[PDB]
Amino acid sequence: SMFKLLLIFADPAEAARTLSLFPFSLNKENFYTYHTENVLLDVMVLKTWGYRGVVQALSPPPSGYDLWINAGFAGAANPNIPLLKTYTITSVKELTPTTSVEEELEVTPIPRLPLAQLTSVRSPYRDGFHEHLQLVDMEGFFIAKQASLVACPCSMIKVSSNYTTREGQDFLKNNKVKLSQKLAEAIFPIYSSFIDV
């Protein structure tokens, strides 16, 4: 199966509806795989246990794929971002709040999705709304940087899951199925594009 596509989700809730789209199996390496025609589709979920993801979830980075897609939920830190909307990311910044030091990497935009910028922070933003932030997640920068180590292109799909306030967290808690479904709906046409018949 010539074209090899790795899908990376931060947690099981994000992955759930994509894992329903295809008849995946768990392989002996303990992750999900499916193949048809020329396409291999693998899925990794970074945090299935515990209170935090660990660096060894993607270290050493998986080798041999032709594309990685990180699909996940992201908070909206600007009120002009509606919720339940799927974006593709142009660049992702890691931000360290205690020092204000940032790093930033470009990521490969997916066709036909609207563009957005992503900031990744270790602790979820409940800080309210910020003039200079759009979407906010936890794992995007980590994944893009790991992709750079194997020279593999990386794309991101992020669905706006909640506003970045205390009161806004309930929407994330209560809409995980709808949000995961949006990710699945965005992944499918990408997978379809790489079928070479």
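Don't overthink the numbering: it's just position in the shown sequence, from 1.
Q: Would you mind comparing 65-73 and 23-31 for me and telling me which has the higher average C-alpha temperature factor in the entry?
A: Higher of the two, by average CA B-factor, is 23-31.
Q: With reference to the PDB entry, specify whether the mean Cα temperature factor is higher for 46-54 or for 162-170.
A: The recorded data point to 46-54.
Q: Which one, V39, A144, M138, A151, has the peak C-alpha temperature factor per the PDB entry?
A: Most elevated C-alpha B-factor of the set, per the entry: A151.
Q: Which one of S123, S91, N78, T98 shows the biggest C-alpha B-factor in the PDB entry?
A: Reading the PDB entry, the winner on C-alpha B-factor is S123.
Q: Ordered by C-alpha B-factor within the chain, which third holds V197? Give me lowest, middle or highest, please.
A: Highest third of the chain for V197's C-alpha B-factor.
Q: Compared with the other modelled residues in the chain, in which third is the CA B-factor of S155?
A: Lowest third, going by the recorded CA B-factors of the chain.
Q: Please rank the C-alpha B-factors of the chain's modelled residues and tell me whether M2 sits in the lowest, middle or highest third.
A: Tercile = highest for this residue's CA B-factor.
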